[PDB]
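We begin with a single chain expressed as structure tokens, specifically the form deposited in one PDB entry.
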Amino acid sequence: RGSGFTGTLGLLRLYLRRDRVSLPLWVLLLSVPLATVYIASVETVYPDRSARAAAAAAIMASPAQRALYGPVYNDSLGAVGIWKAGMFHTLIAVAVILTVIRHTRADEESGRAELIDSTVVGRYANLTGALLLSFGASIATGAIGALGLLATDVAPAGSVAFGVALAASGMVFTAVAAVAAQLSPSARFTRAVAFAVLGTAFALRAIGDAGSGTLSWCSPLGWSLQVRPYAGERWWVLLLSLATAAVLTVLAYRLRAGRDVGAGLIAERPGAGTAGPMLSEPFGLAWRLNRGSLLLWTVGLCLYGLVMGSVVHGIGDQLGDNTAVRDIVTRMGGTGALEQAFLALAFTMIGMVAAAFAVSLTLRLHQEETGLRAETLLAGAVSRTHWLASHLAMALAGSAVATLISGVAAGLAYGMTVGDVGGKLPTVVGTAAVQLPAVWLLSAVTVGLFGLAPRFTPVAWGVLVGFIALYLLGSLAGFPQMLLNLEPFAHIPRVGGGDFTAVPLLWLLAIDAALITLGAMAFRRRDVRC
């Protein structure tokens, strides 16, 4: 009566309950902003075939955009409109990798999948449950994307082709995550392997696209882009991602069938037996705790800034002259030129990303406290402000160095583009470093929360989101100019020419210091509760 797949549906329902909020979010948040945000935004920007042909030529005459998103094959509304949704393949890959690793590993690692296994469940119920959940999530987001696209005036066949391409891109990396989850007892190591496979697929696709295009055929990302939705659909390449998914699922089951529940197939690197000369205080400990996140975020922001430096010159010649563009880049973005008034939009979103970086590294403080590891630190000869100065120090310094390296990369790319770097690098570095008063806030906000309302510490994320909303929904619309001052990014001045008053910088720095001081003073007189 019982088989090796018993309890598959019960385990699936457990998984579905356990992420009943995150899954609907990243399914809807990755599928509905296809027709309502991308294609609508190209309709607004390029209303005629003549503009779309110029946009396609621009894209095809720039290695950076053709590498970050791929090529454009014709000037149809659908094709040009969906050329930029092409990062949704990487985003669905990230989502499915995270889901599979969360529900297969990190559930054995915590010992939950031996209490489960000790019930009436088969040997392959956990793997099949997580695989089925991720396949269903990919199919659901693809179907919702196709349903949204079919509510627009684009090619009906291309909508279905892109939806199926997104679903297949999700399924292939569901399979690779299932394979990787059998490889190591550590969930972090399996995530690293899966994301390294995803990153090398992305690199292969990017190198191929900005070139002859041959190498792009060797990456699971790229099989999705070469389906050519709205540009002449090649449906036969979808079964090229079906074979890979089937082979990797078979391999995942084969690896599962020959390993014990506790761990599998790769031992972990031992480490050291003494705590060096640097592990002797909270600063050296939080450096060890944070350096991985600093490296990841800094590399990401440097690569992100390196993208804009090459997409500045070559962003004057090609916009909707006298459209919203050239009338948006001025108001949200500062009036003046069109090259200089665009760095203010690239960096006012490399500052938002750095603000998220800061919020993460400052929420590590709340994680340490609620994880029972702060009462272990503060039961030693560690001051209550010496702790919370390490996490603040690395949060602020990491945000600063990440933003400054982003600015240096963008300035180097921009200078290499237009002749000389010596005249453009200082301006770009100034544009990057002027965002610091507004990225150090949301570190002051999180510290103010942690000390006056520790359980309402994560709401800082919402505040950040709120700011972003108040920056977009409010600055792209006729919202009043009295509640648009409630978020700090609008007040960042522009470096170049004039109109650089440096007063809002001082006000933001004072606000940041006051909030940090309130957080520290209210932590020093507060019960460390767990």
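The first residue of the sequence shown is number 1, and the count goes up from there.
### Message
Can you check if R326 is missing its coordinates in at least one third of the other PDB entries compared, counting only those that model the residues either side of it?
### Response
yes, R326 frequently unmodelled elsewhere, at least a third of entries.
### Message
For the other entries of this protein included in the comparison (both sides of the residue modelled), is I315 absent in a third of them or more?
### Response
Yes: coordinates for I315 absent from at least a third of the compared entries.
Below, we turn to the form deposited in another entry, even though it does not appear here.
### Task
Check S280, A243, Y73, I266 against the rigid-body motion between the shown form and the other one and give me the one at the hinge.
It is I266 that sits at the hinge.
### Query
How does the CA gap of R269 and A106 change in that other deposited form versus this form, closer or farther, if it moves 3 angstroms or more?
Residues separate in that other deposited form, at least 3 Å farther apart.
### Query
Quick one: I39 and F479 C-alpha atoms, closer or farther in that other deposited form compared with this form (3 angstroms or more)?
Compared with the form shown here, the C-alpha atoms of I39 and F479 sit closer together in that other deposited form, by 3 Å or more.
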